[PDB]
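> coords please:
(8 chains)
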Amino acid sequence: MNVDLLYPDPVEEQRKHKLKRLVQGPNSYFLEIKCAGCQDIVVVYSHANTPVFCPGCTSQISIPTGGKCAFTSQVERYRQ
Amino acid sequence: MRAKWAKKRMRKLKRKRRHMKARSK
Amino acid sequence: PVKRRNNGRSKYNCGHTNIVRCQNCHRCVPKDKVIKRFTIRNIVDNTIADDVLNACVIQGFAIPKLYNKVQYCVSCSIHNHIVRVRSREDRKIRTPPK
Amino acid sequence: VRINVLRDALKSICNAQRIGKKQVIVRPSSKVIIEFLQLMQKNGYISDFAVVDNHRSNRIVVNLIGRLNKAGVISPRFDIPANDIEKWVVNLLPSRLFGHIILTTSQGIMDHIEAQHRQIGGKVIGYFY
Amino acid sequence: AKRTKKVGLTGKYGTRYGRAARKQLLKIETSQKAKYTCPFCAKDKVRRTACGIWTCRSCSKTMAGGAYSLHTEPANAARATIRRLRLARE
Amino acid sequence: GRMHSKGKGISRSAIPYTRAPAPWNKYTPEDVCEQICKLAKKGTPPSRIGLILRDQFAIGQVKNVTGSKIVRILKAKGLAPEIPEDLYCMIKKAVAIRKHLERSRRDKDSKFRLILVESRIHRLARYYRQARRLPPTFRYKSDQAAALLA
Amino acid sequence: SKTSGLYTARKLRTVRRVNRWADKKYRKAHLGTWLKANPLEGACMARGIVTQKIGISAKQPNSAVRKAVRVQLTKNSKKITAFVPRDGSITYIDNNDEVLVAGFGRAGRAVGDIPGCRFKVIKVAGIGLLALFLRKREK
RNA sequence: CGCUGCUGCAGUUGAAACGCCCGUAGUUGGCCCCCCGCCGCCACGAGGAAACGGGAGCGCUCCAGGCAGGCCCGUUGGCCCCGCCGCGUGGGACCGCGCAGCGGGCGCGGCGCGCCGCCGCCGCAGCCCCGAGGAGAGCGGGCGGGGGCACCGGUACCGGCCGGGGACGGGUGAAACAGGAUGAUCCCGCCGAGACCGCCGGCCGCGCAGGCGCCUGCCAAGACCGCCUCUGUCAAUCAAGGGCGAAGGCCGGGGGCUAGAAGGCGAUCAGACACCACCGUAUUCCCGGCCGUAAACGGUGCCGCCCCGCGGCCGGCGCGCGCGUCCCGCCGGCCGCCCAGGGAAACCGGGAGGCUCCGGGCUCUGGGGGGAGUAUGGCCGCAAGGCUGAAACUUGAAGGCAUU
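Numbers count the residues shown, from 1 in each chain, chains lettered A, B, ... in the order given. Structure data below:
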């Protein structure tokens, strides 16, 4: 263990609170889900709470949850 | 409860002292 | 000085608990400061248990158990020996004896 | 709320030294904190310190060498007349020879000895001995 | 402009009739002369023509009511019962 | 902690270090501005415009993709709300509690939570008039609050 | 806790003025109730005519008869009780013969086994009591 | 005498954190722009009586003194202190505050400008620190005896009624007083009345405290968590002021099952108008108010920072993993033990730590023990009482914690 506070461990940081990390940063990412109907992927927010609609479909494709959004229909997460 | 009984005795005597002042003035 | 940290009652995150009556002394004690011992005794005495079963006509009968929760005040408990004055170190021991 | 940025910093350094921790982090970084620490680095009481940028108040990772004994702030910062500096040094610091009193001056943040040589006085930021 | 500190409309009775009677009357006579909201035209114009009789000045509707209040507390409880019991039948 | 309760929670949103548009971003700053204007015409509160742009669209922080925060863009086009959203939402809560109390005279707890809400309204309004945001004359009145909402 | 703001001098000055009164000594120095109450009225000592020679018992556990004189102070017509110090000194003091009385030395408190005597005679008929005891001057 | 505490006091238990919450005055407010104006600020000057207090030099014989002296600076008697909150100069770190577009040309305005007007005039990067492990607002998700109202269930208690059966029941520690052939007690059916919500029920949870547990709805909330949502310091603590506040009490309406201040009885005892038995009024319960207090306690104000391990529980969320109400975190809460450290010690250790090595901000209270929370005056309440609150006078201890 020669690890220093100045250069913090990379994977250790994600075990800390976002605010208490050496640099405050988002714990959320934008995923590129693939809607079953359209071959084109749809950018989605990881912790989405508002209704999100897949382009070309009239059904909400996001089930809102306490934290990270769950996705109602078949989707390919393809995080990007 | 001597301290509570002391304040009961005090209140009773101040009530009486008020009655005497009510008889006067 | 302060003999016990719990103050003699388990009141945490609370300003007021329910009132229980000591069964022997009929006093009002808070729920936290109560003996609360739950006892399951068989309805009959164990001396008369086997002879009741022999007498019982019903086959496969099981003797009823009596389930009761005896709650007492500190005075109505130390005098019945349900709880005992302990040494200052022994007082800290929270584990039930036996 | 967080009225004094420097007090929390020098407390979080003294606590770390007592534990024996080599490096510590200060949650809010001020320009006056950097000037107080810079004075301690030019007096040998501290080691390298690096201000990370969080795009807000900023953090400071401070390296220590066990050399520092006590670091504090005088609040409210009382303006000290030039002839009053010595009376402060006779109570705040142990020994007229060792210690430092950090006072903000019109010339800049300076130790009591530097202020005495320039023959000017100023508001006391704090002290490190 | 605060003509009397404690007695309100009871200043009419001067020093006579006691303190207890004047306190009860203060509350009773404030309700009797109060303007209540019309149940029909939703305007605060209802005034007491007679005991048990209240007329909306604007609505022109005359309603049966409590002697000193357009609505008595017993009566409001009775209304709630009848509405619930009628709904229970249907 | 909380101004009106002894709560010490720290939940907050931590915006990213880099002030960059997203690599997948294909929305020009003007294109995002049109979306902000469109939702505001439909009456979306400024906070909810940002949530829609975060979720249906890909704009995590509007400030990064555009050059300014949502209310500043709304102000330029003149479609900003007259009373700030924060003050407006608090006024709505007071109107709700006052309406519920006209049927619940014995509800002391809701009255306590009406004192707290109206103290917060006076303190935020006092700031907004000193900040020249609100007309100096603007003084919240319990009785006329309900009509003012529209 | 105390208040430490660069502009809170006014509060500290008020707090000191208010809490100065809690000490009995500041009150017995500045309230002025003592000056009116004292039969010496702030004088180093007072003069007054003897009215009664009284034998005052000592407080327990001491058992003795302390010897004192009741004195009406010419200055304020106020009768005090003053111990006459030393052995057989009372014989020098007659009735109505004028005595100069000073306090005991506890600043107005009764001292020793003697109760309520806050004063002691220093000069009888213009003659120092200690001198009449050492037989330096006759009565 | 750090027993008045600015330096520099104390408030868990010795004296002492206001029962709670909001909140004005007041005091206090994170970070940020070098270079500009105002402020305070520090330095240095001017100018304003000496004496005094220092203090240069001088042997009144020393000395307290005095300004003397000795062929001597033009012999001296210098110089400082007049807190001087004013003024002048310099600095500009800290400390607060700063709203306007600028610039060119007309223009040299009526002896040089400046204001003002006038043209886009074409010069100008013309104009937004940021987004606090500050605060508020939102969205989503669960959370809980949080709150109001209506509804409703269940026994138990007590009263009534039908039957049955027969003699003693009650009550105690032992009795006794009442209860009974007008059939008690006991058993069962049934009915009325009001209270109350068991076991589950807790080192559970919620609430600002006081407090909060039947069912079924209705209504408005709140913390917490998650978040690349909005705002941009809106904040902290708080005299006065507003609201809340167990129980008992009081004032009107009701209601009245239980228990039960008073009262009455039967015992006890030396006495007993106490404890215990028995009967029972106010009260207990609801609605609309008063009251304004509790050992209202964590006997520990509030907001903020850091601090050492080890476990338990509760709520939300994330990570692995077959995949489990696992595991490892994170955040908020409630806790137990405790390393230092602190303390007179008990103990605290999520502080009572980071403190004679003493200074983050704010409010409140105490200053030996009585007298005395008395007196008097005020305010408040219908009253009971609340709140504010002496002195004379007395006394040498009162008190804390620990050891025997």
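> From the centroid of chain D, which residue is nearest?
Chain D has residue D:36 as the residue nearest its centroid, 3.9 Å off, counting by CA atoms, centre = their mean.
> Surely that residue and residue D:111 touch.
No: between residue D:36 and residue D:111 there is no contact under CB atoms under 8 Å: 10.6 Å. In this view, the C-beta of every residue, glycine as well, is placed from N, C-alpha and C.
> Tell me the residues that contact both of these two, please.
Both residue D:36 and residue D:111 are in contact with residue D:102, where contact means CB atoms under 8 Å, 6 or more residues apart in numbering or on different chains.
> Report how many residues lie close to residue E:37.
By other CB atoms under 10 Å in any protein chain shown, 13 other residues sit near residue E:37.
> ditto for residue G:103
Applying other CB under 10 Å, we find 22 other residues in the vicinity of residue G:103.
> which ones are touching it?
Contacts for residue G:103 were tallied using CB under 8 Å, 6+ apart; they are G:40, G:45, G:118-120.
> let's see 6 Å
Taking CB atoms under 6 Å, 6 or more residues apart in numbering or on different chains, we find residue G:103 in contact with G:118-119.
> So which residue is dead centre in the chain?
Just so you know, I chose chain A. Closest-to-mean residue, chain A, CA atoms, centre = their mean: residue A:46 / 2.6 Å.
> ah, I was thinking of chain E
Centre-most residue of chain E, counting by CA atoms, centre = their mean: residue E:69, 1.9 Å.
> what about residue D:28, how many neighbours?
Neighbours of residue D:28 using other CB under 10 Å come to 16.
> State the distance from it to chain A.
Applying CB to the nearest CB, to the nearest Å, the value for residue D:28 to chain A is 12 Å.
> ok, that residue - contacts?
D:5, D:57.
> what secondary structure does it sit in?
Secondary structure assignment for residue D:28 (DSSP: H, G, I helix; E, B strand; the rest coil): coil.
> Stretch D:106-121 near RNA strand H anywhere?
Yes: residues of stretch D:106-121 contacting RNA strand H under CB under 7 Å from any atom of the strand: D:106-109, D:119-121.
> Can you say which helix or strand has the residue lying closest to residue E:59 once chain neighbours are set aside in it?
Excluding the flanking residues, the one nearest residue E:59 by CB to CB, 6 or more residues apart in numbering or on different chains is residue E:41, at 3.5 Å. Here residue E:41 is covered by no helix or strand, with elements defined by DSSP states H and E.
> Enumerate every residue touching residue E:41.
Going by CB under 6 Å, 6+ apart, residue E:41 touches E:56, E:58-59.
> who wins for neighbours among these?
Neighbour max across the contacts of residue E:41 (other CB under 10 Å) = residue E:56, 23 neighbours.
> Just grab the bridge partners of it for me.
Beta bridges link residue E:56 to residue E:46, judged by DSSP bridges.
> Does it touch residue E:45 like I think?
Yes: if you go by CB atoms under 6 Å, residue E:56 and residue E:45 touch, sitting 5.1 Å apart.
> Now do the shared contacts for these two.
The contact sets of residue E:56 and residue E:45 overlap at residue E:38 (CB under 6 Å, 6+ apart).
> Please report the distance of the residue nearest to residue E:59 from chain A.
Counting by CB to the nearest CB - residue E:41 and chain A are separated by 44 Å.
> domains in chain D, as residue ranges please.
Per CATH domains of a matching chain, the domain ranges recorded for chain D read D:1-68, D:69-129.
> Make CSV out of those and add distance to residue G:14.
What follows is the domains of chain D, written out as CSV (distance: least, CB to CB, whole Å):
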stretch, distance to residue G:14
domain D:1-68, 23
domain D:69-129, 18
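> Out of these, the one nearest residue A:1 is which?
Closest to residue A:1 of the domains of chain D, according to CB to CB: domain D:1-68, at 11.9 Å.
> and the longest helix for chain G?
helix G:9-19 (DSSP state H).
> Other residues contacting that helix?
residue G:3.
> Can I get that helix in PDB? Just the C-alpha atoms.
What follows is helix G:9-19, C-alpha atoms only, in PDB (Å, rounded to 0.1, in the frame of the first residue of the first chain):
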ATOM      1  CA  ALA G   9     -18.400  44.700  21.900                       C
ATOM      2  CA  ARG G  10     -21.800  46.100  22.900                       C
ATOM      3  CA  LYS G  11     -23.200  42.700  23.900                       C
ATOM      4  CA  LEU G  12     -20.100  41.800  26.000                       C
ATOM      5  CA  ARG G  13     -20.200  45.200  27.700                       C
ATOM      6  CA  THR G  14     -23.900  44.700  28.500                       C
ATOM      7  CA  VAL G  15     -23.400  41.100  29.700                       C
ATOM      8  CA  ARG G  16     -20.500  42.200  32.000                       C
ATOM      9  CA  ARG G  17     -22.700  45.000  33.500                       C
ATOM     10  CA  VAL G  18     -25.700  42.600  34.000                       C
ATOM     11  CA  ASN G  19     -23.700  39.600  35.500                       C
END
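> how close does the residue nearest to residue C:19 when sequence neighbours are not counted sit to RNA strand H?
Computed as CB to CB, 6+ apart, the closest residue to residue C:19 that is not its neighbour in sequence is residue C:28, at 4.9 Å. Distance, residue C:28 to RNA strand H, using CB to the nearest atom of the strand, to the nearest Å: 10 Å.
> one step back: of all the contacts of residue E:41, which comes closest to chain G?
Nearest to chain G out of these is residue E:58 (CB to the nearest CB; 59.9 Å).
> burial count for the nearest residue to that closest one once chain neighbours are set aside?
Among residues not flanking residue E:58 along the chain, residue E:45 sits closest, at 4.4 Å (CB to CB, 6+ apart). For residue E:45, the number of neighbouring residues by other CB under 10 Å comes to 17.
> Please tell me how far the nearest residue to residue E:29 once chain neighbours are set aside sits from chain G.
Sequence neighbours aside, residue E:9 is the residue nearest to residue E:29 in space, at 5.6 Å (criterion: CB to CB, 6+ apart). Noted for residue E:9: a distance of 47 Å to chain G, by CB to the nearest CB.
> How is the closest residue to RNA strand H within chain B assigned, secondary-structure-wise?
The nearest approach of chain B to RNA strand H comes at residue B:11, 3.3 Å away (CB to the nearest atom of the strand). Residue B:11 falls in the helix class when you classify it by three-state DSSP.
> And for the one 3 residues further on?
Taking three-state DSSP as the rule, one finds residue B:14 in the helix state.
> Where do the helices of the chain begin and end?
If you meant another chain, say so; for now it's chain A. With DSSP H as the criterion, chain A has helices at A:10-13.
> that answer is for a different chain, and I need it for chain G
Under DSSP H, chain G gives helices at G:9-19, G:24-30, G:33-37, G:129-133.
> same thing with chain F?
So, for chain F - with DSSP H - the helices run F:29-41, F:46-55, F:62-65, F:70-77, F:85-101, F:108-130, F:145-148.
> Tell me which of those approaches chain A most closely.
Closest to chain A of the helices of chain F is helix F:46-55 (CB to the nearest CB; 4.6 Å).
> what's that closest one in contact with?
A:45, A:48, A:50, A:52, F:36, F:39, F:59-60, F:62, F:70-71, F:85.
> Chain A against RNA strand H: which residues are in contact?
By CB under 7 Å from any atom of the strand, the part of chain A that sits against RNA strand H consists of A:15-20, A:24, A:26-30, A:45, A:47, A:49-50, A:64-68.
> Out of these, which sit inside strands?
Cross-referencing the residues of chain A next to RNA strand H against strands under DSSP state E gives A:30, A:45.
> Show me which of the residues of chain A next to RNA strand H are buried.
Buried by 16 or more other CB atoms under 10 Å in any protein chain shown: A:18, A:24, A:26, A:28, A:30, A:45, A:47, out of these.
> Spell out for me which residue occupies the centre of chain C.
residue C:37 (2.1 Å).
> beta partners for that residue?
residue C:70.
> Was I right to think it contacts residue C:70?
Yes: Residue C:37 is within contact range of residue C:70, at 5.1 Å (criterion: CB under 6 Å).
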